[PDB]
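In what follows, a single structure is set out as structure tokens and then discussed.
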DNA sequence: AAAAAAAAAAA
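Residue numbers (the working numbering): 4 to 330.
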């Protein structure tokens, strides 16, 4: 059959079993595009992650296949980013400081990661800003280079031991919505590499101090270790339906809300059951905190000026076994 | 069929 000659960097290898047949597929980075190819078990085992290859491909059974490969060999990340590079929705490689990582409250699959980057005004000044990057479990598992994320506990463990550490963000997409909200996005070929600096880059720590979160409007995200009197009531108002929450961080009493809205494709019975399970699990949280059975972190969308529209972005339970439960 | 921030409610 006809053969295709390509060259590209491997990103991940996956095994999917469907209708009692196993398929080994490799995600390769060719010309800054993620292309999925098929292969055999020898391909699955011999090929290594994050390495370029010279591949020959045969088009068999309506599927591009890998026949032979040659292990070849081959980056620079921008230390900043401009407003216009966010406006154009460009694709960049940044140097960011990881801050927090949590599972969006009430979301089954999506996670949110908080970074500190250097934005640049048209005035030509670089300010360390706080940015949010949402993703799913699959992309987040396949994005951390040199880290094997199998289940959710591994993802949270990587998140917690990557906290306040520097990351090269390869081929991330700089979103910009209709309103002036700028976020980060994780594409198929996007990768996240942890530097393990050992504070080798410390003179720049002054630059990585934030006062504005550019993915939100005059709000930031802050992480609190609940040490005291957690409390959560539920209030169904005429329109809204929110958990009114108070708790006690080592510094401040905090008041907050978790707003509940029914999804379009969500039956009222399923929504009501899910919300009552959320309420039951929140009303048991203070009992677990007091008895030293869990340690709770709350990631909070706080307004630095007026604390009257606080919202809990996420909650994470660290259990005494070491397991992480994303409340 | 965008999605995601912002939303004290209720007189």
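Backbone N, C-alpha and C define an ideal beta-carbon position, used for all residues, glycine too.
Across the set 171, 206, 261, 267, the C-alpha of 261 shows the shortest separation from the C-alpha of residue 282.
Between the alpha carbons of residue 155 and residue 4 lies a distance of about 43 Å. Assignment of beta-bridge partners to residue 130 by DSSP yields 122.
Residue state for residue 320 is assigned as strand, using DSSP reduced to three classes. Within the same chain, Cβ atoms closer than 7 Å to the Cβ of residue 8 are found at 59, the five residues on either side in sequence being excluded. When the beta-carbon positions are compared, residue 192 and residue 50 stay at least 9 Å from each other.
A direct Cα-to-Cα measurement between residue 202 and residue 212 gives close to 16 Å.
The residue from 140, 126, 118, 134 with its alpha-carbon nearest to that of residue 111 is 140. Residue pairing of residue 12 in beta bridges, as defined by DSSP: 32, 55. With fewer than 16 other Cβ atoms from the protein chains shown falling within 10 Å of its own Cβ, residue 311 counts as exposed. Collapsing the DSSP output to three states places residue 292 in a helix. A direct Cα-to-Cα measurement between residue 198 and residue 170 gives close to 6 Å.
Just measuring C-alpha positions, the residue of 94, 52, 115, 120 sitting nearest residue 82 is 120. The three-state reading of DSSP puts residue 24 in strand, counting E and B together. Put simply, the backbone Cα of residue 305 is about 6 Å away from that of residue 222. In terms of Cα proximity to residue 220, the closest of 133, 195, 243, 26 is 133. Taking all protein chains in view, the Cβ of residue 126 is surrounded by fewer than 16 other Cβ atoms within 10 Å, so the residue is classified as exposed. Note on geometry: alpha-carbon atoms of residue 205 and residue 224 lie some 23 Å from one another. Within the same chain, Cβ atoms closer than 6 Å to the Cβ of residue 188 are found at 176, 178, the five residues on either side in sequence being excluded. Contact check for residue 256 against residue 248 fails: the beta carbons are separated by 9 Å or more. A direct Cα-Cα distance of roughly 19 Å separates residue 242 from residue 109. Distance between residue 10 and residue 33, taken at the CA atoms: about 6 Å.
Nearest C-alpha to residue 12 among 91, 279, 56: 56. The DSSP-derived three-state label of residue 152 is coil.
With respect to the 9 Å criterion, residue 329 and residue 105 are classified as neighbours on the basis of their beta carbons. Under the 10 Å beta carbon count, residue 78 is surrounded by fewer than 16 other beta carbons and is classified as exposed.
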